[PDB]
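Asks: Sharing final36.txt (compact mmCIF, N, CA, C and O atoms) below.
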# COMPACT_ATOMS: atom_id res chain seq x y z
N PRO A 201 -3.48 16.79 7.73
CA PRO A 201 -2.88 15.66 8.44
C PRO A 201 -3.39 15.53 9.87
O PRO A 201 -3.69 16.53 10.52
N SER A 202 -3.50 14.30 10.34
CA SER A 202 -3.98 14.04 11.70
C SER A 202 -3.50 12.68 12.20
O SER A 202 -3.18 11.80 11.40
N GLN A 203 -3.46 12.52 13.51
CA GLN A 203 -3.02 11.27 14.12
C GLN A 203 -3.90 10.11 13.67
O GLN A 203 -5.10 10.27 13.46
N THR A 204 -3.29 8.94 13.51
CA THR A 204 -4.01 7.75 13.08
C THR A 204 -3.29 6.48 13.52
O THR A 204 -2.07 6.45 13.63
N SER A 205 -4.07 5.43 13.78
CA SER A 205 -3.51 4.15 14.21
C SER A 205 -3.09 3.31 13.01
O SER A 205 -3.60 2.21 12.80
N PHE A 206 -2.15 3.83 12.23
CA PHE A 206 -1.66 3.12 11.05
C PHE A 206 -0.14 3.13 11.00
O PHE A 206 0.51 4.07 11.46
N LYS A 207 0.44 2.06 10.46
CA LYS A 207 1.89 1.94 10.35
C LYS A 207 2.31 1.70 8.91
O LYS A 207 1.56 1.18 8.09
N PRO A 208 3.55 2.11 8.58
CA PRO A 208 4.10 1.95 7.23
C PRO A 208 4.38 0.49 6.88
O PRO A 208 4.72 -0.31 7.75
N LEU A 209 4.23 0.15 5.61
CA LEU A 209 4.46 -1.21 5.15
C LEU A 209 5.49 -1.23 4.02
O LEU A 209 6.51 -1.92 4.11
N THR A 210 5.21 -0.48 2.96
CA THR A 210 6.11 -0.41 1.82
C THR A 210 5.86 0.85 0.99
O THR A 210 4.76 1.40 1.00
N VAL A 211 6.89 1.29 0.27
CA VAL A 211 6.78 2.49 -0.56
C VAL A 211 7.01 2.15 -2.03
O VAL A 211 7.98 1.48 -2.38
N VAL A 212 6.11 2.63 -2.89
CA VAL A 212 6.22 2.38 -4.32
C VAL A 212 6.25 3.69 -5.11
O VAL A 212 5.28 4.44 -5.11
N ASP A 213 7.37 3.95 -5.77
CA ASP A 213 7.53 5.17 -6.55
C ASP A 213 7.74 6.38 -5.65
O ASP A 213 7.96 7.49 -6.13
N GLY A 214 7.68 6.15 -4.34
CA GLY A 214 7.87 7.23 -3.39
C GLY A 214 6.62 7.51 -2.57
O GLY A 214 6.47 8.60 -2.03
N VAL A 215 5.74 6.53 -2.49
CA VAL A 215 4.50 6.67 -1.74
C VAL A 215 4.43 5.67 -0.59
O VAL A 215 4.17 4.49 -0.80
N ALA A 216 4.67 6.16 0.62
CA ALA A 216 4.64 5.31 1.81
C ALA A 216 3.25 4.70 2.01
O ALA A 216 2.30 5.41 2.33
N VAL A 217 3.15 3.39 1.82
CA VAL A 217 1.89 2.69 1.98
C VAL A 217 1.74 2.13 3.39
O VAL A 217 2.47 1.21 3.78
N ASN A 218 0.81 2.69 4.15
CA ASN A 218 0.57 2.24 5.52
C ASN A 218 -0.60 1.27 5.58
O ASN A 218 -1.42 1.21 4.66
N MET A 219 -0.69 0.52 6.67
CA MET A 219 -1.76 -0.45 6.85
C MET A 219 -2.37 -0.33 8.25
O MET A 219 -1.74 0.16 9.19
N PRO A 220 -3.62 -0.80 8.40
CA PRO A 220 -4.33 -0.76 9.67
C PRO A 220 -3.75 -1.73 10.69
O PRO A 220 -3.64 -2.93 10.43
N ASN A 221 -3.38 -1.21 11.86
CA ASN A 221 -2.81 -2.03 12.92
C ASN A 221 -3.76 -3.15 13.31
O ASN A 221 -3.34 -4.23 13.71
N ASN A 222 -5.06 -2.88 13.20
CA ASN A 222 -6.08 -3.86 13.55
C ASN A 222 -6.33 -4.82 12.38
O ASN A 222 -7.47 -5.00 11.95
N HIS A 223 -5.26 -5.42 11.88
CA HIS A 223 -5.37 -6.36 10.77
C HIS A 223 -4.13 -7.24 10.67
O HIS A 223 -3.06 -6.91 11.21
N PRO A 224 -4.26 -8.38 9.98
CA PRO A 224 -3.15 -9.33 9.80
C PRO A 224 -2.06 -8.78 8.89
O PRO A 224 -2.10 -7.62 8.49
N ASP A 225 -1.09 -9.63 8.56
CA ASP A 225 0.01 -9.24 7.69
C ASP A 225 -0.43 -9.23 6.23
O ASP A 225 -1.29 -10.02 5.82
N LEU A 226 0.16 -8.33 5.44
CA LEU A 226 -0.18 -8.22 4.03
C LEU A 226 1.01 -8.64 3.16
O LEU A 226 1.41 -7.91 2.25
N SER A 227 1.55 -9.82 3.44
CA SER A 227 2.69 -10.33 2.68
C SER A 227 2.28 -10.66 1.24
O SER A 227 3.02 -10.37 0.30
N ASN A 228 1.10 -11.25 1.09
CA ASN A 228 0.60 -11.61 -0.23
C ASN A 228 0.08 -10.38 -0.97
O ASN A 228 0.15 -10.30 -2.20
N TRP A 229 -0.44 -9.42 -0.22
CA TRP A 229 -0.97 -8.19 -0.80
C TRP A 229 0.16 -7.21 -1.12
O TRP A 229 -0.04 -6.24 -1.85
N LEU A 230 1.33 -7.46 -0.55
CA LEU A 230 2.49 -6.60 -0.77
C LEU A 230 2.72 -6.37 -2.26
O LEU A 230 2.73 -5.24 -2.75
N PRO A 231 2.92 -7.47 -3.00
CA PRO A 231 3.15 -7.42 -4.45
C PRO A 231 1.91 -6.99 -5.22
O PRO A 231 2.01 -6.38 -6.29
N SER A 232 0.74 -7.31 -4.68
CA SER A 232 -0.52 -6.97 -5.32
C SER A 232 -0.77 -5.46 -5.27
O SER A 232 -1.24 -4.86 -6.23
N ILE A 233 -0.44 -4.86 -4.13
CA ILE A 233 -0.62 -3.42 -3.95
C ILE A 233 0.50 -2.64 -4.61
O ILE A 233 0.26 -1.69 -5.35
N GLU A 234 1.74 -3.04 -4.34
CA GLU A 234 2.90 -2.38 -4.91
C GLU A 234 2.76 -2.24 -6.42
O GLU A 234 3.25 -1.27 -7.01
N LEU A 235 2.09 -3.20 -7.04
CA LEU A 235 1.89 -3.18 -8.48
C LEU A 235 0.71 -2.29 -8.85
O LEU A 235 0.77 -1.54 -9.83
N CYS A 236 -0.36 -2.36 -8.07
CA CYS A 236 -1.55 -1.56 -8.31
C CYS A 236 -1.24 -0.07 -8.16
O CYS A 236 -1.54 0.73 -9.04
N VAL A 237 -0.64 0.29 -7.03
CA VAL A 237 -0.29 1.68 -6.76
C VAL A 237 0.62 2.24 -7.85
O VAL A 237 0.53 3.42 -8.20
N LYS A 238 1.49 1.39 -8.38
CA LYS A 238 2.41 1.79 -9.44
C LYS A 238 1.67 2.48 -10.58
O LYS A 238 2.18 3.42 -11.19
N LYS A 239 0.45 2.02 -10.85
CA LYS A 239 -0.37 2.59 -11.92
C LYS A 239 -0.70 4.05 -11.62
O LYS A 239 -0.48 4.93 -12.45
N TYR A 240 -1.23 4.30 -10.43
CA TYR A 240 -1.59 5.65 -10.02
C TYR A 240 -0.37 6.57 -10.01
O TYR A 240 -0.43 7.72 -10.44
N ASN A 241 0.75 6.04 -9.52
CA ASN A 241 1.99 6.81 -9.45
C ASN A 241 2.50 7.13 -10.85
O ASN A 241 3.10 8.19 -11.08
N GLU A 242 2.27 6.22 -11.79
CA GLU A 242 2.71 6.41 -13.17
C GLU A 242 2.07 7.66 -13.77
O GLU A 242 2.75 8.49 -14.38
N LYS A 243 0.76 7.78 -13.61
CA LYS A 243 0.03 8.92 -14.14
C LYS A 243 0.37 10.20 -13.37
O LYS A 243 0.43 11.28 -13.94
N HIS A 244 0.59 10.05 -12.07
CA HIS A 244 0.93 11.19 -11.22
C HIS A 244 2.38 11.10 -10.75
O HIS A 244 2.69 10.40 -9.78
N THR A 245 3.27 11.82 -11.43
CA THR A 245 4.68 11.82 -11.08
C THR A 245 5.02 12.98 -10.16
O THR A 245 4.32 13.99 -10.14
N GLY A 246 6.09 12.83 -9.39
CA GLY A 246 6.50 13.87 -8.47
C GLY A 246 5.43 14.22 -7.46
O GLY A 246 4.70 13.34 -6.99
N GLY A 247 5.32 15.50 -7.12
CA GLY A 247 4.32 15.93 -6.16
C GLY A 247 2.93 15.44 -6.51
O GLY A 247 2.10 15.23 -5.63
N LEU A 248 2.68 15.25 -7.80
CA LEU A 248 1.38 14.78 -8.27
C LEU A 248 0.95 13.53 -7.51
O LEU A 248 -0.20 13.41 -7.07
N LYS A 249 1.88 12.59 -7.35
CA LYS A 249 1.60 11.35 -6.64
C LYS A 249 1.10 11.63 -5.23
O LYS A 249 1.38 12.67 -4.64
N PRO A 250 0.34 10.67 -4.66
CA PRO A 250 -0.21 10.80 -3.31
C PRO A 250 0.86 10.71 -2.24
O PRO A 250 1.90 10.09 -2.43
N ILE A 251 0.61 11.35 -1.10
CA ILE A 251 1.55 11.34 0.01
C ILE A 251 1.67 9.95 0.63
O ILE A 251 2.76 9.39 0.71
N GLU A 252 0.54 9.40 1.05
CA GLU A 252 0.52 8.08 1.66
C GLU A 252 -0.64 7.24 1.11
O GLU A 252 -1.58 7.78 0.53
N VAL A 253 -0.56 5.93 1.30
CA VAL A 253 -1.60 5.03 0.83
C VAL A 253 -2.00 4.03 1.92
O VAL A 253 -1.19 3.23 2.36
N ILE A 254 -3.26 4.10 2.33
CA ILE A 254 -3.77 3.21 3.37
C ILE A 254 -4.33 1.93 2.76
O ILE A 254 -5.46 1.92 2.25
N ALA A 255 -3.55 0.86 2.81
CA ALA A 255 -3.97 -0.42 2.27
C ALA A 255 -4.60 -1.29 3.35
O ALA A 255 -4.04 -1.47 4.43
N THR A 256 -5.78 -1.84 3.05
CA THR A 256 -6.49 -2.69 3.99
C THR A 256 -6.89 -4.01 3.35
O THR A 256 -6.61 -4.25 2.18
N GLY A 257 -7.54 -4.87 4.13
CA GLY A 257 -7.97 -6.16 3.62
C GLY A 257 -7.05 -7.28 4.04
O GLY A 257 -5.99 -7.49 3.45
N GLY A 258 -7.45 -8.02 5.08
CA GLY A 258 -6.64 -9.12 5.57
C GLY A 258 -7.03 -10.44 4.94
O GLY A 258 -6.28 -10.99 4.12
N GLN A 259 -8.19 -10.96 5.32
CA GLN A 259 -8.67 -12.23 4.79
C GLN A 259 -10.03 -12.07 4.13
O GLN A 259 -10.53 -10.95 3.98
N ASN A 260 -10.63 -13.18 3.74
CA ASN A 260 -11.94 -13.16 3.09
C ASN A 260 -11.88 -12.42 1.76
O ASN A 260 -12.82 -11.73 1.37
N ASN A 261 -10.75 -12.57 1.06
CA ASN A 261 -10.57 -11.91 -0.23
C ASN A 261 -10.86 -10.42 -0.13
O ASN A 261 -11.39 -9.81 -1.06
N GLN A 262 -10.51 -9.83 1.01
CA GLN A 262 -10.74 -8.40 1.23
C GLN A 262 -9.64 -7.57 0.58
O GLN A 262 -8.46 -7.75 0.86
N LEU A 263 -10.05 -6.65 -0.29
CA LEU A 263 -9.10 -5.78 -0.98
C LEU A 263 -9.65 -4.36 -1.10
O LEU A 263 -10.49 -4.08 -1.95
N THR A 264 -9.15 -3.47 -0.24
CA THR A 264 -9.59 -2.08 -0.25
C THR A 264 -8.42 -1.14 -0.01
O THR A 264 -7.64 -1.32 0.93
N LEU A 265 -8.29 -0.13 -0.87
CA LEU A 265 -7.21 0.84 -0.75
C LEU A 265 -7.77 2.24 -0.49
O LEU A 265 -8.97 2.47 -0.59
N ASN A 266 -6.88 3.17 -0.16
CA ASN A 266 -7.28 4.55 0.11
C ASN A 266 -6.14 5.52 -0.20
O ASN A 266 -5.02 5.35 0.29
N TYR A 267 -6.44 6.53 -1.01
CA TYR A 267 -5.44 7.52 -1.38
C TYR A 267 -5.47 8.71 -0.43
O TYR A 267 -6.40 9.52 -0.46
N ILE A 268 -4.45 8.81 0.42
CA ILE A 268 -4.36 9.90 1.38
C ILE A 268 -3.16 10.80 1.08
O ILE A 268 -2.05 10.31 0.85
N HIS A 269 -3.39 12.11 1.10
CA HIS A 269 -2.33 13.07 0.83
C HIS A 269 -2.13 14.00 2.03
O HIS A 269 -2.65 15.11 2.05
N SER A 270 -1.36 13.54 3.01
CA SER A 270 -1.10 14.32 4.21
C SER A 270 0.15 13.81 4.93
O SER A 270 0.10 12.87 5.71
N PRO A 271 1.29 14.45 4.65
CA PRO A 271 2.57 14.09 5.26
C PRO A 271 2.63 14.42 6.75
O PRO A 271 2.29 15.53 7.15
N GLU A 272 3.06 13.46 7.55
CA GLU A 272 3.16 13.65 9.00
C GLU A 272 4.29 12.82 9.58
O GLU A 272 4.80 11.91 8.94
N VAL A 273 4.67 13.14 10.82
CA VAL A 273 5.75 12.42 11.49
C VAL A 273 5.50 10.91 11.46
O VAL A 273 4.38 10.45 11.62
N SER A 274 6.57 10.15 11.24
CA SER A 274 6.47 8.70 11.17
C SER A 274 7.86 8.07 11.04
O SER A 274 8.87 8.76 11.00
N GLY A 275 7.89 6.74 10.97
CA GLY A 275 9.15 6.03 10.84
C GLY A 275 8.97 4.54 10.68
O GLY A 275 7.87 4.02 10.87
N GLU A 276 10.05 3.84 10.33
CA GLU A 276 10.00 2.40 10.14
C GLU A 276 11.05 1.70 11.00
O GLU A 276 11.68 2.32 11.86
N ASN A 277 11.24 0.41 10.75
CA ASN A 277 12.22 -0.37 11.50
C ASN A 277 13.33 -0.88 10.58
O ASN A 277 14.45 -0.37 10.60
N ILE A 278 13.00 -1.89 9.78
CA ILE A 278 13.97 -2.47 8.85
C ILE A 278 13.32 -3.53 7.97
O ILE A 278 12.41 -4.24 8.41
N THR A 279 13.80 -3.65 6.74
CA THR A 279 13.26 -4.63 5.80
C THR A 279 14.35 -5.12 4.85
O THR A 279 15.23 -4.36 4.45
N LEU A 280 14.27 -6.40 4.48
CA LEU A 280 15.24 -6.99 3.57
C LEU A 280 14.63 -7.21 2.19
O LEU A 280 14.93 -6.48 1.25
N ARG A 281 13.78 -8.22 2.08
CA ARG A 281 13.13 -8.54 0.81
C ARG A 281 12.00 -9.54 1.02
O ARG A 281 11.85 -10.11 2.10
N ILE A 282 11.21 -9.76 -0.03
CA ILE A 282 10.09 -10.69 0.04
C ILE A 282 10.21 -11.76 -1.05
O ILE A 282 9.86 -12.92 -0.83
N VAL A 283 10.70 -11.36 -2.22
CA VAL A 283 10.86 -12.28 -3.33
C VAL A 283 9.57 -13.03 -3.62
O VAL A 283 9.46 -14.23 -3.35
N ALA A 284 8.58 -12.32 -4.16
CA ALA A 284 7.30 -12.92 -4.49
C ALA A 284 6.61 -12.17 -5.62
O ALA A 284 6.82 -10.97 -5.80
N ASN A 285 5.80 -12.89 -6.39
CA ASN A 285 5.08 -12.29 -7.51
C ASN A 285 4.01 -13.24 -8.05
O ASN A 285 4.15 -13.83 -9.12
N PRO A 286 2.92 -13.39 -7.28
CA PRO A 286 1.81 -14.26 -7.66
C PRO A 286 1.02 -13.72 -8.85
O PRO A 286 0.80 -12.52 -8.96
N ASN A 287 0.60 -14.62 -9.74
CA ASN A 287 -0.16 -14.23 -10.92
C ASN A 287 -1.65 -14.43 -10.69
O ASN A 287 -2.06 -15.27 -9.89
N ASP A 288 -2.46 -13.66 -11.41
CA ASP A 288 -3.91 -13.75 -11.29
C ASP A 288 -4.60 -13.05 -12.45
O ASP A 288 -4.35 -11.87 -12.71
N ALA A 289 -5.47 -13.77 -13.15
CA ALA A 289 -6.20 -13.21 -14.28
C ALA A 289 -7.18 -12.14 -13.83
O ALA A 289 -7.08 -10.98 -14.24
N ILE A 290 -8.12 -12.53 -12.98
CA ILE A 290 -9.12 -11.59 -12.47
C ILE A 290 -8.59 -10.81 -11.27
O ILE A 290 -8.71 -11.24 -10.13
N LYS A 291 -7.99 -9.65 -11.55
CA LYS A 291 -7.44 -8.81 -10.50
C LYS A 291 -8.47 -7.78 -10.03
O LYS A 291 -8.62 -6.72 -10.63
N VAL A 292 -9.17 -8.11 -8.95
CA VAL A 292 -10.18 -7.22 -8.40
C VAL A 292 -9.61 -5.83 -8.12
O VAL A 292 -10.29 -4.82 -8.29
N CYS A 293 -8.35 -5.80 -7.70
CA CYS A 293 -7.68 -4.54 -7.41
C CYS A 293 -7.74 -3.59 -8.60
O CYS A 293 -8.35 -2.53 -8.53
N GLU A 294 -7.09 -3.99 -9.70
CA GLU A 294 -7.07 -3.18 -10.91
C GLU A 294 -8.17 -3.61 -11.87
O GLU A 294 -8.65 -2.82 -12.68
Is it possible to express this structure as structure tokens?
Replies:
Amino acid sequence: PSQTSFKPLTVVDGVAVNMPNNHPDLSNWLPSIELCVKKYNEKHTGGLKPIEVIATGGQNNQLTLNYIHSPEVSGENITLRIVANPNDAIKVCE
């Protein structure tokens, strides 16, 4: 584990997904990633699953993820809900 300029966004199955501060909001990627990561978490349950997930890609159809396993001090603020679920045949992610 080491210091990094990344903040938490959402957790899926128990994996805190952080994003690069030097990037826009990932409201649309929220459901896209939360669903993608679910796959990896499915195969890897409990400790098996990754510690954190660095999700990137703001615009220009940018979609890049990173599996990081290193728990470190951190925290969030507050969240309510998003209520979204866009469909797509060609999912570059998965």
Asks: From the list A:230, A:288, A:246, A:283, which residue is nearest residue 209 (chain A) when using all atoms listed in the file?
Replies: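 Among A:230, A:288, A:246, A:283, it is A:230 that comes nearest to residue 209 (chain A).
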Asks: State, in Å with one decimal place, the distance from CA of residue 266 (chain A) to CA of residue 254 (chain A).
Replies: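 For CA of residue 266 (chain A) relative to CA of residue 254 (chain A), the distance reads 5.0 Å.
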Asks: Excluding residue 252 (chain A) and its own-chain neighbours fewer than 4 positions away, which residues fall within 6 Å of it when counting only C-alpha atoms? Please give them as number ranges by chain.
Replies: A: 215-217, 268-269
Asks: Here's a test: counting only N, CA, C and O atoms, identify every protein, DNA and RNA residue with an atom at most 7 Å from (2.9, -12.6, -7.4) in the file's coordinate frame, and state them as a ChimeraX atom specification.
Replies: /A:228,231-232,284-288
Asks: Rank A:294, A:242, A:257, A:280 by their smallest atom-to-atom distance to residue 219 (chain A), using all atoms listed in the file, and report the top residue only.
Replies: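 Among the listed residues, the smallest separation from residue 219 (chain A) belongs to A:257.
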Asks: With distances taken over only C-alpha atoms, which residue among A:289, A:272, A:282, A:212 lies nearest residue 239 (chain A)?
Replies: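 Among the listed residues, the smallest separation from residue 239 (chain A) belongs to A:212.
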Asks: Let me make sure I understand: among A:291, A:255, A:236, A:241, which one has the smallest atom-to-atom distance to residue 218 (chain A) if we use only N, CA, C and O atoms?
Replies: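 Of the candidates, the smallest distance to residue 218 (chain A) is held by A:255.
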